[PDB]
């Protein structure tokens, strides 16, 4: 309903992974990146804004999240940007669980794929489309619904 996404960079072995979670639906988006830079982060945001509706972006004070590059990019994309985790108690809950669940799926799929990127895709499909909550609604269905009402 608010389309607020929180992003963070994480590590899975040597691979760095940018991760964004939509707070309302719990929908997860992630992408493997070459290195933790503002340039890569900007590419990730452009991809996110390309595929989904992003009205507000939150993250920690990390350098790659506070560069003028990122600040101006969000202004250009008309995205409200904030810093300093957390945002609100309930959101932090959703985000923490998602990172954990993502890491669990990653541990499962890595042995089934040649690449980490293919393992990440399957891990995201699993989190977003292969589990239900209340009403049997997948995080994907919930997000889609919030999109539809808007």
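Positions refer to the first chain, counted from 1.
Taking the PDB entry as given, 89-97 carries the higher mean Cα B factor of the two stretches 89-97 and 40-48.
Mean CA B-factor, 99-107 versus 64-72: the higher value falls on 64-72. In the PDB entry, a CA B factor belonging to the lowest third of its chain's modelled residues is recorded for residue 19. Ranked within its chain, residue 35 lands in the highest third, by CA B factor from the PDB record. The deposited CA B-factor of residue 115 belongs to the lowest third of values across its chain.
Ranked within its chain, residue 121 lands in the lowest third, by CA B factor from the PDB record. For residue 83, the recorded CA B-factor ranks within the highest third of the chain. Only modelled residues enter the ranking.
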